[PDB]
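See structure below.
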Amino acid sequence: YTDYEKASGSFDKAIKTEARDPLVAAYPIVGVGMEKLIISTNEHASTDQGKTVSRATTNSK
Amino acid sequence: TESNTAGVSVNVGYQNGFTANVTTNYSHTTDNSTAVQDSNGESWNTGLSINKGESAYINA
């Protein structure tokens, strides 16, 4: 988006207000976080058979 | 809207005219929460005979 579309806001309305400044680059930074570790004893269609242990997990960017 | 108003806090008293409930879970009308109907006295196990190792399979 050009300087004018950034300053006036004539871009997608979901773009953050901070990116309106013609110096701040409109930019998505996507990262994948994990919130449960499940470890099972089977590799293909692991239902009904294995002995598994899982716990809810946190993470940090 | 049943999971939306499930996490309601009843709180029979209101403070300052805000006569409205607050919820820790307000999702949408895109969270249909099914309710089985017949379930007279019989479990799902009755007529299935499942014992702690094997699984049933869902059609819907």
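Residue numbering restarts at 1 in every chain; chains get A, B, ... in the order shown in the structure tokens, and ligands count up from 1 in that same order.
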
Check: which chain B residues lie within 8 Å of chain A using only C-alpha atoms, as a ChimeraX atom specification:
/B:53-55

Write to file, as a CSV table (one decimal), in the first residue's frame, the residues of the selection just made, with N, CA and C atoms.
chain,number,residue,atom,x,y,z
B,53,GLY,N,-12.0,-51.4,26.6
B,53,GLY,CA,-10.9,-51.4,25.7
B,53,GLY,C,-11.2,-51.0,24.3
B,54,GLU,N,-12.5,-51.2,23.8
B,54,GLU,CA,-12.9,-51.0,22.4
B,54,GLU,C,-13.8,-49.8,22.3
B,55,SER,N,-14.2,-49.5,21.1
B,55,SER,CA,-14.8,-48.2,20.7
B,55,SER,C,-16.0,-48.4,19.9

For residue 34 (chain B): contacts at 12 Å, only C-alpha atoms, fewer than 3 positions along chain excluded, given as a compact mmCIF listing (two decimals) with C-alpha atoms, in the first residue's frame:
# COMPACT_ATOMS: atom_id res chain seq x y z
CA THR B 1 -27.18 -20.53 21.76
CA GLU B 2 -26.85 -23.02 24.60
CA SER B 3 -23.07 -23.10 25.08
CA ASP B 31 -21.54 -23.61 18.23
CA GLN B 37 -33.49 -36.96 23.37
CA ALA B 60 -25.12 -38.62 12.38

Compile the contact shell of residue 22 (chain A) as JSON, numbers by chain: residues with an atom at most 7 Å away, counting only C-alpha atoms, same-chain residues fewer than 4 positions apart removed.
{"A": [3, 6, 7]}

Selection to disk with N, CA, C and O atoms, as a tab-separated table (two decimals), in the first residue's frame:
chain	number	residue	atom	x	y	z
A	3	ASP	N	1.90	5.44	0.24
A	3	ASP	CA	1.92	6.34	1.39
A	3	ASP	C	0.55	6.92	1.67
A	3	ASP	O	0.15	7.03	2.83
A	6	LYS	N	-1.97	4.41	3.06
A	6	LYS	CA	-1.62	4.10	4.44
A	6	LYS	C	-2.02	5.23	5.37
A	6	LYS	O	-2.61	4.99	6.43
A	7	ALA	N	-1.72	6.47	4.99
A	7	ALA	CA	-2.02	7.60	5.87
A	7	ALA	C	-3.52	7.79	6.04
A	7	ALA	O	-4.01	7.94	7.16

At a cut-off of 9 Å, using only C-alpha atoms, what residues contact residue 8 (chain B)? Leave out same-chain residues fewer than 2 positions from it and give the result as number ranges by chain.
B: 4-6, 10, 21-25

Output file for the residues above (N, CA and C atoms, as a compact mmCIF listing (two decimals), in the first residue's frame):
# COMPACT_ATOMS: atom_id res chain seq x y z
N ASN B 4 -23.36 -20.73 24.60
CA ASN B 4 -23.14 -19.31 24.83
C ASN B 4 -23.66 -18.88 26.20
N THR B 5 -24.86 -19.33 26.57
CA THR B 5 -25.45 -18.99 27.85
C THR B 5 -25.28 -20.10 28.87
N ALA B 6 -24.39 -21.05 28.62
CA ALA B 6 -24.12 -22.07 29.62
C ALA B 6 -23.25 -21.53 30.74
N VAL B 10 -25.47 -16.58 37.57
CA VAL B 10 -26.86 -16.20 37.81
C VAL B 10 -26.95 -14.91 38.62
N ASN B 21 -26.55 -10.31 32.61
CA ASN B 21 -25.63 -11.36 33.00
C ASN B 21 -24.34 -11.26 32.20
N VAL B 22 -23.26 -11.75 32.79
CA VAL B 22 -21.96 -11.81 32.13
C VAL B 22 -21.54 -13.27 32.06
N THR B 23 -20.84 -13.64 31.00
CA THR B 23 -20.40 -15.01 30.80
C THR B 23 -18.92 -15.08 30.48
N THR B 24 -18.27 -16.15 30.95
CA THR B 24 -16.89 -16.42 30.59
C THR B 24 -16.77 -17.07 29.22
N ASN B 25 -17.89 -17.31 28.54
CA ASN B 25 -17.90 -17.98 27.24
C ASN B 25 -19.09 -17.46 26.45

So that I can see what lies close to residue 9 (chain A), please list as number ranges by chain the residues with an atom at most 12 Å from it, counting only C-alpha atoms and leaving out residues fewer than 3 positions away in the same chain.
A: 1-6, 12-22, 26

Generate the output file for the selected residues, C-alpha atoms, as a PDB file, in the first residue's frame.
ATOM      1  CA  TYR A   1       0.000   0.000   0.000  1.00  0.00           C
ATOM      2  CA  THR A   2       1.235   3.461  -0.993  1.00  0.00           C
ATOM      3  CA  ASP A   3       1.924   6.335   1.389  1.00  0.00           C
ATOM      4  CA  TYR A   4      -1.465   7.958   0.821  1.00  0.00           C
ATOM      5  CA  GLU A   5      -3.532   4.790   1.232  1.00  0.00           C
ATOM      6  CA  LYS A   6      -1.616   4.100   4.439  1.00  0.00           C
ATOM      7  CA  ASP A  12      -8.323  -3.289   4.270  1.00  0.00           C
ATOM      8  CA  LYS A  13      -9.983  -2.047   7.451  1.00  0.00           C
ATOM      9  CA  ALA A  14      -8.504  -4.899   9.517  1.00  0.00           C
ATOM     10  CA  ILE A  15      -4.940  -3.611   9.089  1.00  0.00           C
ATOM     11  CA  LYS A  16      -3.663  -2.299  12.409  1.00  0.00           C
ATOM     12  CA  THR A  17      -3.858   1.421  13.110  1.00  0.00           C
ATOM     13  CA  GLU A  18      -0.098   1.471  13.680  1.00  0.00           C
ATOM     14  CA  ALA A  19       0.631   0.460  10.078  1.00  0.00           C
ATOM     15  CA  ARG A  20      -1.068   3.638   8.862  1.00  0.00           C
ATOM     16  CA  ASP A  21       2.216   5.454   9.388  1.00  0.00           C
ATOM     17  CA  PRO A  22       4.065   5.352   6.036  1.00  0.00           C
ATOM     18  CA  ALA A  26       2.058  -3.493   6.973  1.00  0.00           C
TER      19      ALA A  26
END

When DSSP is applied to the backbone of this structure, which of chain A are assigned alpha helix (DSSP H)? Write them out as a list in words.
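Put together, the selection reads residues 3, 4, 5, 6, 7 and 8 of chain A.
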
Would you mind listing what lies within 9 Å of residue 37 (chain A) as number ranges by chain, with only C-alpha atoms counted and same-chain residues fewer than 6 positions away left out?
A: 53-57

Emit the selected residues as a tab-separated table (two decimals), in the first residue's frame, including C-alpha atoms.
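Written file, out.tsv:
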chain	number	residue	atom	x	y	z
A	53	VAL	CA	0.08	-40.25	28.15
A	54	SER	CA	-0.86	-36.67	27.29
A	55	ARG	CA	-0.78	-33.38	29.17
A	56	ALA	CA	-1.99	-29.88	28.41
A	57	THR	CA	0.95	-27.66	27.49

Calculated over only C-alpha atoms, which of the candidates A:40, A:25, A:8, A:33 has the smallest distance to residue 61 (chain A)?
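Of all the options, A:33 lies closest to residue 61 (chain A).
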
What's the separation between CA of residue 28 (chain A) and CA of residue 28 (chain B), in Å to one decimal place?
26.3 Å

How many Å lie between CA of residue 39 (chain A) and CA of residue 51 (chain A), rounded to one decimal?
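Pair CA of residue 39 (chain A) / CA of residue 51 (chain A) returns 9.0 Å.
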
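We find CA of residue 59 (chain A) and CA of residue 27 (chain A) to be spaced 23.0 Å apart.
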